[PDB]
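Chemist: Here you go, one structure.
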Number of protein chains: 4
Amino acid sequence: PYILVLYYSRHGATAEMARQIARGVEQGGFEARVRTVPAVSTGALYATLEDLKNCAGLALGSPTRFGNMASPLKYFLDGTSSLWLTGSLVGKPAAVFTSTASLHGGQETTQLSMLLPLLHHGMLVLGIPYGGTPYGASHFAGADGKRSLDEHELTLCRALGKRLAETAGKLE
Amino acid sequence: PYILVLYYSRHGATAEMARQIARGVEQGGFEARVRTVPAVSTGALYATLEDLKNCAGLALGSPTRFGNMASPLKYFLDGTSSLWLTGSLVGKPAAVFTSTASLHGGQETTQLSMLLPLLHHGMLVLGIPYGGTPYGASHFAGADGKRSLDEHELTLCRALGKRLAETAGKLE
Amino acid sequence: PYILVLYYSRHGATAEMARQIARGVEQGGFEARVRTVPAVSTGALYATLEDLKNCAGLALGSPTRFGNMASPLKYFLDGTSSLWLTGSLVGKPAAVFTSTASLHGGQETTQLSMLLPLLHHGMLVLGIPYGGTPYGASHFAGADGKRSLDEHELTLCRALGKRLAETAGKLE
Amino acid sequence: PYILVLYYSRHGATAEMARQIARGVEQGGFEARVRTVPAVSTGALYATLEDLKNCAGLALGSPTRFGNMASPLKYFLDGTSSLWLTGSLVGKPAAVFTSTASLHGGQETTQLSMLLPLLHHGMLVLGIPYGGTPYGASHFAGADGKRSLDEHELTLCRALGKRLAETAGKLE
Ligand SMILES: Cc1cc2nc3c(=O)[nH]c(=O)nc-3n(C[C@H](O)[C@H](O)[C@H](O)COP(=O)(O)O)c2cc1C
Ligand SMILES: Cc1cc2nc3c(=O)[nH]c(=O)nc-3n(C[C@H](O)[C@H](O)[C@H](O)COP(=O)(O)O)c2cc1C
Ligand SMILES: Cc1cc2nc3c(=O)[nH]c(=O)nc-3n(C[C@H](O)[C@H](O)[C@H](O)COP(=O)(O)O)c2cc1C
Ligand SMILES: Cc1cc2nc3c(=O)[nH]c(=O)nc-3n(C[C@H](O)[C@H](O)[C@H](O)COP(=O)(O)O)c2cc1C
């Protein structure tokens with residue numbers, strides 16, 4: 001009965017997108033469990049392996065950091081061999097979303113790169129039909145970082161959340 | 001009641017994979033409509049826009065040519081604005097497959113690059129869970145080109161065909 | 001003494017970018033040979049294999065068609081086995097550029113996908129440092145298609161042309 | 001006078017590749033500074049920002065973890081805004097390398113995904129001309145993990161190291 005909305009956020013932009021996507025999910029006929037991951041070294045409650053194992057589907061979100069997802073997120077996925085092994089996530093639908101400092105700061109490629117692990121877990125990936133890209137939702141935040149979630153972005157975040165939920169519905 | 005198995009093949013390697021994938025589809029509870037595309041300039045029956053519009057799901061296959069799909073295939077997709085526009089393929093599951101001259105001649109990247117258009121058409125993409133990659137089926141054919149479809153490759157082609165069909169089944 | 005500026009264009013948007021990139025090249029200390037490819041089925045002079053073989057470096061441009069380059073371009077590259085074989089382009093610098101109907105219509109991914117063949121030919125690829133992306137130049141043309149080349153886009157086209165030329169200069 | 005050979009390794013496979021690449025570099029007319037990164041949570045000396053700032057070129061290596069680089073590596077790159085900002089690495093050549101548990105466990109895509117940050121730093125990327133792929137060196141280590149670096153893999157690691165060094169030489 002839930003879609004996991006899993007994300008990392010440093011200055012709140014991705015956190016905001018997560019919340020909007022969650023709402024999409026709810027109007028897709030599903031409950032949204034929004035969870036984040038702890039910072040690493042040498043907004044929301046923390047995710048555990050259970051949240052992943054028992055989700056019906058998943059939205060994965062990160063700020064774009066040099067064309068890839070953020071390392072606290074990567075670190076969380078890095079701990080999922082067990083799920084890989086017994087093969088959960090297999091068959092469950094998934095979508096990604098990202099926040100960016102420039103208009104063309106490589107969201108598409110960050111979204112691309114984030115679809116990869118989900119394909120390793122054998123999930124079913126989907127984007128947005130016909131920020132915001134065909135691969136998932138993106139938000140543009142400016143060098144400033146303060147630019148708030150605009151009209152179409154917020155709308156697209158919800159569309160994705162919804163589509164994800166309905167897909168999880170269809171698959172039963 | 002059909003999955004479209006759409007491919008281009010020049011010396012038969014991809015044609016063979018198409019046939020094996022078709023069989024997977026049949027054992028997934030669906031009929032396989034195998035279709036190819038005509039060579040361009042300046043194995044199977046030709047595909048038409050109808051085959052695409054009315055499929056329940058789709059397998060797309062091409063030999064890897066410099067990291068991308070073959071241009072006769074690309075040319076066929078290039079003619080699908082109309083479907084894009086009214087938004088068919090939207091919601092329907094899809095998977096890719098490729099044939100290669102070397103072990104690591106970039107199948108993954110060709111498969112990647114082929115998933116892109118399907119995401120532009122708003123399809124749901126899936127690979128192989130836990131040649132053959134997590135992104136779709138690949139066959140290794142050698143510089144020679146004669147190396148035939150091996151045991152695990154043939155098995156993986158069928159798995160994909162099947163998974164595709166069952167997914168299309170689940171989505172109803 | 002020349003950089004090949006090789007592109008396909010259907011309604012002139014990419015043709016325009018090619019010209020702007022050519023100018024960048026000239027101010028990089030090199031002559032720009034701008035060439036296109038003939039349409040296929042079943043702006044500039046046509047490119048031949050000689051243009052490729054004897055260039056010092058290369059800019060490759062196409063409209064984004066479903067996340068990939070256009071099939072007339074692909075068809076031209078499809079005819080370069082011979083060069084692949086004897087290994088020209090090996091060592092020579094390359095960059096890409098693309099034109100798009102939407103803001104986030106997948107330029108990055110089209111640019112990505114276009115870098116792939118150049119890597120198969122063993123070229124050295126470069127983007128834009130610190131439309132327009134880090135992977136190459138993009139132009140946004142609108143659903144309309146009439147939106148002309150804007151200030152920063154035109155500037156970025158030239159930067160790339162220049163950087164390409166200077167790199168080819170450095171490599172000697 | 002040095003190429004930075006920067007990598008993360010957990011069970012030594014990537015560490016081995018780093019060493020072989022280093023040797024390639026030396027025979028390319030350059031000194032190889034091999035450096036790793038510390039594990040994160042919530043083989044070689046550690047890299048510092050200085051190693052990056054003052055390298056003439058760079059090889060980046062990681063085990064493939066779900067289609068992406070390892071999070072300790074990502075975390076190190078995650079700390080390079082400053083270099084991004086003042087624009088070092090800009091103009092310097094770069095190549096990647098990866099180690100994998102399966103034959104087609106997505107090295108190409110991991111290599112791809114690793115080229116992305118280097119393009120954000122405005123480096124010049126190169127692969128292998130005409131494991132081992134056109135995008136960089138890969139090693140196959142088996143589910144076991146014990147499979148040692150084979151003949152052609154070891155040879156390809158050196159080729160890349162060498163090509164990288166010579167390129168850095170040419171650029172001066
Ligand atoms: C080290 C790091 C790398 C970044 N790399 C990029 C990038 O390559 N392209 C871009 O547009 N923005 C980049 N940014 C900006 C972030 O994407 C931006 O801060 C993000 O929208 C904030 O997300 P958050 O508020 O959820 O933490 C980077 C930021 C950091 C801290
Ligand atoms: C122009 C062209 C480009 C090719 N590029 C690659 C490549 O980059 N990597 C590779 O491993 N094989 C490459 N090949 C080999 C084909 O992938 C191989 O012939 C394929 O398996 C045959 O597929 P088919 O029999 O269905 O036509 C290329 C072949 C042609 C004709
Ligand atoms: C069949 C085809 C596919 C296209 N696919 C996309 C696409 O996926 N994303 C996008 O933004 N625009 C897409 N477009 C719009 C083109 O990218 C746009 O027309 C381009 O800027 C024109 O380039 P040209 O004038 O050089 O021919 C497509 C156009 C055609 C004809
Ligand atoms: C969590 C994690 C994720 C992994 N993901 C993949 C993968 O998707 N594909 C693959 O072939 N191997 C995968 N592996 C295997 C590693 O790539 C393999 O252990 C690597 O060759 C070891 O590198 P190292 O000895 O330098 O640490 C993964 C291993 C770990 C620990």
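By order of appearance in the structure tokens: chains A, B, ..., then residues from 1 within every chain, and ligands from 1 in the order shown.
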Among segment 104-163 of chain B, which residues does DSSP mark as strand (DSSP E or B) when it is run on the backbone? Keep the chain and numbering as in the structure and answer as number ranges by chain.
Modeler: B: 124-125, 136-140
Chemist: Env of residue 119 of chain D: 12 Å cut, atoms = only C-alpha atoms, seq-sep filter 6 positions within chain, self excluded. Answer as a ChimeraX atom specification.
Modeler: /A:66-68,105-106,109 /C:95,108,111-112,115,124-130,133-136 /D:84,87-95,112-113,125-126
Chemist: Please produce a file of the residues just selected, as a CSV table (one decimal), in the first residue's frame, where the atoms kept are C-alpha atoms.
Modeler:
chain,number,residue,atom,x,y,z
A,66,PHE,CA,28.8,16.5,-11.2
A,67,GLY,CA,26.3,14.4,-13.3
A,68,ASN,CA,25.7,11.8,-10.7
A,105,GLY,CA,23.5,21.4,-15.6
A,106,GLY,CA,22.9,17.8,-16.6
A,109,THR,CA,22.3,12.5,-17.4
C,95,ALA,CA,32.7,17.7,-29.7
C,108,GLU,CA,22.3,16.1,-22.8
C,111,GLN,CA,24.9,14.6,-26.8
C,112,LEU,CA,25.9,11.7,-24.7
C,115,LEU,CA,29.8,11.0,-28.0
C,124,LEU,CA,39.3,12.7,-27.7
C,125,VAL,CA,36.0,14.2,-26.6
C,126,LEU,CA,35.5,17.6,-24.9
C,127,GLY,CA,32.5,19.8,-23.9
C,128,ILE,CA,32.0,23.4,-22.6
C,129,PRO,CA,34.0,24.2,-19.4
C,130,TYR,CA,32.4,25.4,-16.1
C,133,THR,CA,25.6,22.1,-21.6
C,134,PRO,CA,28.9,20.7,-20.3
C,135,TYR,CA,28.7,18.1,-23.1
C,136,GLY,CA,28.4,20.4,-26.0
D,84,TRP,CA,35.2,23.2,-10.4
D,87,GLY,CA,38.2,25.6,-13.2
D,88,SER,CA,41.1,23.3,-12.7
D,89,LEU,CA,41.1,19.9,-14.5
D,90,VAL,CA,39.8,22.1,-17.4
D,91,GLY,CA,41.8,21.0,-20.4
D,92,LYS,CA,43.6,18.1,-18.8
D,93,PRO,CA,43.1,14.6,-20.3
D,94,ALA,CA,41.2,11.9,-18.4
D,95,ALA,CA,40.3,8.2,-18.6
D,112,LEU,CA,30.1,6.1,-19.0
D,113,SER,CA,28.7,7.4,-15.7
D,125,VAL,CA,38.2,12.3,-22.1
D,126,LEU,CA,39.7,9.3,-24.0
Chemist: Got a sec: who's within 12 Å of segment 162-166 of chain B, counting only C-alpha atoms, leaving out chain neighbours fewer than 5 positions off, as a PDB file with C-alpha atoms, in the first residue's frame?
Modeler:
ATOM      1  CA  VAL A  90      12.436  -7.002  -9.113  1.00  0.00           C
ATOM      2  CA  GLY A  91       9.202  -6.181 -10.957  1.00  0.00           C
ATOM      3  CA  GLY A 122      15.486  -5.335 -12.043  1.00  0.00           C
ATOM      4  CA  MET A 123      12.834  -2.663 -11.431  1.00  0.00           C
ATOM      5  CA  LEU A 124      10.530  -1.262 -14.151  1.00  0.00           C
ATOM      6  CA  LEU A 171       0.743  -4.352 -11.585  1.00  0.00           C
TER       7      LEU A 171
ATOM      8  CA  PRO B   1      -2.848  -9.922 -27.673  1.00  0.00           C
ATOM      9  CA  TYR B   2       0.586  -9.234 -29.331  1.00  0.00           C
ATOM     10  CA  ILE B   3       4.068  -8.014 -28.415  1.00  0.00           C
ATOM     11  CA  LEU B   4       5.820  -6.343 -31.354  1.00  0.00           C
ATOM     12  CA  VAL B   5       9.305  -7.710 -31.848  1.00  0.00           C
ATOM     13  CA  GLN B  20      14.291 -16.472 -29.734  1.00  0.00           C
ATOM     14  CA  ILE B  21      12.712 -13.461 -27.981  1.00  0.00           C
ATOM     15  CA  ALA B  22       9.449 -14.151 -29.878  1.00  0.00           C
ATOM     16  CA  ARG B  23       9.397 -17.624 -28.343  1.00  0.00           C
ATOM     17  CA  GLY B  24       9.871 -16.184 -24.844  1.00  0.00           C
ATOM     18  CA  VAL B  25       6.857 -13.963 -25.626  1.00  0.00           C
ATOM     19  CA  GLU B  26       4.662 -16.875 -26.636  1.00  0.00           C
ATOM     20  CA  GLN B  27       5.396 -18.670 -23.372  1.00  0.00           C
ATOM     21  CA  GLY B  28       4.531 -15.418 -21.590  1.00  0.00           C
ATOM     22  CA  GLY B  29       0.914 -15.846 -22.693  1.00  0.00           C
ATOM     23  CA  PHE B  30       1.095 -13.544 -25.726  1.00  0.00           C
ATOM     24  CA  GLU B  31       1.406 -13.769 -29.504  1.00  0.00           C
ATOM     25  CA  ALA B  32       4.674 -12.452 -31.015  1.00  0.00           C
ATOM     26  CA  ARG B  33       4.524 -10.320 -34.148  1.00  0.00           C
ATOM     27  CA  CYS B  55       1.059  -3.595 -29.923  1.00  0.00           C
ATOM     28  CA  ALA B  56       0.636  -4.316 -26.209  1.00  0.00           C
ATOM     29  CA  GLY B  57       4.378  -3.966 -25.694  1.00  0.00           C
ATOM     30  CA  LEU B  58       7.572  -3.929 -27.651  1.00  0.00           C
ATOM     31  CA  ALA B  59      11.017  -5.449 -28.046  1.00  0.00           C
ATOM     32  CA  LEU B  60      13.493  -3.347 -29.989  1.00  0.00           C
ATOM     33  CA  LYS B  92       3.216  -0.041 -22.646  1.00  0.00           C
ATOM     34  CA  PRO B  93       6.246  -2.094 -21.495  1.00  0.00           C
ATOM     35  CA  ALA B  94       9.439  -2.260 -23.578  1.00  0.00           C
ATOM     36  CA  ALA B  95      12.820  -3.993 -23.686  1.00  0.00           C
ATOM     37  CA  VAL B  96      15.816  -3.930 -26.019  1.00  0.00           C
ATOM     38  CA  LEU B 124       7.874   1.384 -19.311  1.00  0.00           C
ATOM     39  CA  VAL B 125      11.310  -0.120 -19.710  1.00  0.00           C
ATOM     40  CA  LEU B 126      12.635  -3.367 -18.209  1.00  0.00           C
ATOM     41  CA  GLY B 127      15.793  -5.524 -18.478  1.00  0.00           C
ATOM     42  CA  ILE B 128      16.948  -8.924 -17.197  1.00  0.00           C
ATOM     43  CA  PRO B 129      16.646  -9.428 -13.394  1.00  0.00           C
ATOM     44  CA  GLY B 136      18.475  -6.404 -22.251  1.00  0.00           C
ATOM     45  CA  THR B 155      18.107 -18.701 -22.727  1.00  0.00           C
ATOM     46  CA  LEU B 156      18.292 -14.995 -21.872  1.00  0.00           C
ATOM     47  CA  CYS B 157      16.572 -13.936 -25.094  1.00  0.00           C
ATOM     48  CA  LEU B 171      -0.752  -4.229 -16.861  1.00  0.00           C
ATOM     49  CA  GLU B 172      -3.792  -5.956 -18.447  1.00  0.00           C
TER      50      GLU B 172
END
Chemist: Report, in Å with one decimal, the straight-line distance from atom CA of residue 43 of chain C to atom 31 (C, counted along the ligand's line) of ligand 2.
Modeler: 28.6 Å
Chemist: Could you work out how far atom CA of residue 120 of chain B lies from atom 8 (O, counted along the ligand's line) of ligand 3, giving the answer in Å with one decimal?
Modeler: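 Taking atom 8 (O, counted along the ligand's line) of ligand 3 as the start and atom CA of residue 120 of chain B as the end point, the length is 5.8 Å.
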Chemist: Return as a PyMOL selection string every polymer residue, whether protein, DNA or RNA, with at least one atom no more than 6 Å from an atom of ligand 2; count only C-alpha atoms and all ligand atoms.
Modeler: (chain B and resi 9-15+63-67+99-102+105-106+141) or (chain C and resi 78-79+81+120)
Chemist: Generate the output file for the selected residues, C-alpha atoms, as a PDB file, in the first residue's frame.
Modeler:
ATOM      1  CA  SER B   9      19.461  -7.137 -39.019  1.00  0.00           C
ATOM      2  CA  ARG B  10      22.106  -7.118 -41.769  1.00  0.00           C
ATOM      3  CA  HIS B  11      23.798 -10.549 -41.561  1.00  0.00           C
ATOM      4  CA  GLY B  12      21.109 -12.426 -39.543  1.00  0.00           C
ATOM      5  CA  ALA B  13      22.524 -12.346 -35.956  1.00  0.00           C
ATOM      6  CA  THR B  14      19.839  -9.938 -34.627  1.00  0.00           C
ATOM      7  CA  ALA B  15      17.175 -11.774 -36.679  1.00  0.00           C
ATOM      8  CA  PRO B  63      23.162  -4.652 -34.171  1.00  0.00           C
ATOM      9  CA  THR B  64      25.434  -2.327 -32.268  1.00  0.00           C
ATOM     10  CA  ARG B  65      26.855   0.129 -34.787  1.00  0.00           C
ATOM     11  CA  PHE B  66      29.399   2.453 -33.111  1.00  0.00           C
ATOM     12  CA  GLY B  67      27.507   2.447 -29.800  1.00  0.00           C
ATOM     13  CA  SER B  99      24.218  -8.056 -31.310  1.00  0.00           C
ATOM     14  CA  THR B 100      27.917  -7.266 -31.183  1.00  0.00           C
ATOM     15  CA  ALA B 101      31.283  -8.067 -32.888  1.00  0.00           C
ATOM     16  CA  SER B 102      33.312  -7.993 -29.603  1.00  0.00           C
ATOM     17  CA  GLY B 105      31.983  -3.756 -27.927  1.00  0.00           C
ATOM     18  CA  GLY B 106      29.491  -1.561 -26.129  1.00  0.00           C
ATOM     19  CA  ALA B 141      29.245 -12.772 -32.770  1.00  0.00           C
TER      20      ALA B 141
ATOM     21  CA  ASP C  78      27.363   3.834 -40.469  1.00  0.00           C
ATOM     22  CA  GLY C  79      29.593   3.974 -43.559  1.00  0.00           C
ATOM     23  CA  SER C  81      34.079   0.933 -40.940  1.00  0.00           C
ATOM     24  CA  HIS C 120      34.440   3.958 -30.827  1.00  0.00           C
TER      25      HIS C 120
END
Chemist: Near chain A, meaning an atom within 6 Å, which residues of chain D appear when counting only C-alpha atoms? Write them as JSON, numbers by chain.
Modeler: {"D": [40, 41, 42, 66, 67, 71, 74, 75, 116, 117, 120]}
Chemist: With N, CA and C atoms retained, write the just-selected residues as a CSV table (one decimal), in the first residue's frame.
Modeler:
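That gives us again-v9.csv:
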chain,number,residue,atom,x,y,z
D,40,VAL,N,33.8,5.5,3.7
D,40,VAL,CA,32.8,6.5,4.4
D,40,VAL,C,31.8,5.7,5.2
D,41,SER,N,31.2,6.4,6.1
D,41,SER,CA,30.0,5.8,6.9
D,41,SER,C,29.2,6.9,7.5
D,42,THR,N,28.2,6.5,8.3
D,42,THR,CA,27.4,7.4,9.1
D,42,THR,C,27.4,6.9,10.6
D,66,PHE,N,26.3,-1.3,-8.7
D,66,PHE,CA,25.0,-1.1,-9.4
D,66,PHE,C,25.0,-0.1,-10.5
D,67,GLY,N,26.0,-0.1,-11.4
D,67,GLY,CA,26.1,0.7,-12.6
D,67,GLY,C,26.7,2.0,-12.3
D,71,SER,N,30.7,4.8,-3.6
D,71,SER,CA,30.4,6.0,-2.8
D,71,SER,C,31.6,6.7,-2.1
D,74,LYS,N,32.9,8.7,-5.0
D,74,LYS,CA,31.9,9.8,-5.3
D,74,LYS,C,32.0,10.9,-4.2
D,75,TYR,N,32.2,10.4,-2.9
D,75,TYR,CA,32.3,11.4,-1.8
D,75,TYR,C,33.6,12.3,-2.0
D,116,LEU,N,31.1,11.4,-16.8
D,116,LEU,CA,30.2,12.5,-16.6
D,116,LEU,C,30.9,13.6,-15.7
D,117,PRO,N,31.2,13.3,-14.5
D,117,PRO,CA,31.9,14.3,-13.7
D,117,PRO,C,33.1,14.9,-14.3
D,120,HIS,N,32.1,17.5,-16.4
D,120,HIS,CA,31.6,18.7,-15.6
D,120,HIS,C,32.8,19.5,-15.2
Chemist: Of the residues D:140, D:16, D:158, D:83, which is the one nearest to ligand 1, using only C-alpha atoms and all ligand atoms?
Modeler: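 Going through D:140, D:16, D:158, D:83 one by one, the smallest distance to ligand 1 is for D:83.
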Chemist: DSSP on the backbone: what in segment 39-127 of chain C comes out helix (DSSP H, G or I), as a ChimeraX atom specification?
Modeler: /C:49-53,71-77,81-86,107-120
Chemist: What does the distance from atom 18 (C, counted along the ligand's line) of ligand 4 to atom CA of residue 137 of chain D come to in Å, to one decimal?
Modeler: 14.3 Å
Chemist: Here is a test: counting only C-alpha atoms, which residue of A:169, A:85, A:103, A:147 is nearest to residue 53 of chain A?
Modeler: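 Checking each candidate against residue 53 of chain A, we get A:85 as the closest.
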